[PDB]
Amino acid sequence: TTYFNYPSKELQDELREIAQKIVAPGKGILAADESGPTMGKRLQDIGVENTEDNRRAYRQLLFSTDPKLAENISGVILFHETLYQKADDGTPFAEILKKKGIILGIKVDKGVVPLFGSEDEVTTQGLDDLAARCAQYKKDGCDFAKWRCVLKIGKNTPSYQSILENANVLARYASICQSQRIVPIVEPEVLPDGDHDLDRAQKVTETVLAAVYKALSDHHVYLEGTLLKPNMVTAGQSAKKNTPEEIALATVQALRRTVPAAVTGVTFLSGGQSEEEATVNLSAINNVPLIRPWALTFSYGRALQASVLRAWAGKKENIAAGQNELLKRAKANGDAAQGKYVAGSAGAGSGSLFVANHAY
């Protein structure tokens, strides 16, 4: 389609400015958008019962950290309930974060659903009344959004069907967010599950990303006002491990071949990578001997929080200890984002954070 309308200058500026801020040098995103159920799995793991109040308590720990955190954390992705919660003293979480100069993000998808007749593949739902939801979220202090699509590597997957549909849904989501003054983070996650090699992973990723950007173009999405949140290119979780060097080259090559320079930044997901791997891999990515026209940073969930949870262990007397773990890993990742992380300098970290059985 050649006859279309570019967003107004006012809107372009606003969206570009938000995206630019999220990927400012030495900064990345803390993904704290776990739903009741998922968060519950994390709590149980440390003997803590999954109650609304326990969830609020944990988020309070994260959110009351020394303002030093804002040096490495540009933004936080929230789950719906958290956006409306308050600290012990009655201060809204939103207010605490804003005061520290952190940008608020919101998870807007409604999870995955099966593609009938496919070989166990999925798409993501949540477009219904998204514009209205976005207008409310924006008023309540949110400036960016998150939506997760899942692609699986198997004998015949991802299929053309899956690639086409996930690419299209991502474009619909992005368009809507942009209409309502919200920066969309596009997240086409190629799952690590399986025993395929790095070559297969690279080819899959390249195929997926090409479809994503063709769909964004078809739906006239303003690229400068978006971020991408892709998987790093690695072999399957059940295959031999690659070196940071190998991962970094395959990843940067895949992005160079598919993601336009107009895209403001890339905020990597960690998948099942340990806290340490996630950092070391990001650092190597920022040392690849190829032109890298976008900011390459992090958007980490488990990879920023496993040690935090372990340290806290549900006790008030361990709050400072938990916050300390967070500060350490944020700094480490901030260094990685500048390609200056020294392996093992932030400590041993966690073990594998791999949880299989996503989408379907």
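Start at 1 and count along the sequence shown; that's the residue number.
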Identify the stretch, either 32-40 or 302-310, whose C-alpha atoms have the larger mean B-factor according to the entry.
32-40
So 331-339 or 44-52, which one's hotter by mean CA B-factor in the entry?
44-52
Among 95, 128, 206, 109, where is the Cα B factor highest in this entry?
95
Per the coordinate record, which of the options 249, 113, 280, 239 holds the highest CA temperature factor?
239
C-alpha B factor of residue 185, ranked within the chain: lowest, middle or highest third?
lowest
Chain-wide C-alpha B factor ranking for residue 295, given as lowest, middle or highest third
lowest
Ranked C-alpha temperature factor of residue 15 among modelled chain residues, by third
lowest
Can you tell me whether residue 257 has a C-alpha B-factor in the lowest, middle or highest third compared with the other modelled residues of the same chain?
lowest
Can you tell me which third, lowest, middle or highest, the CA B-factor of residue 91 falls into for its chain?
highest
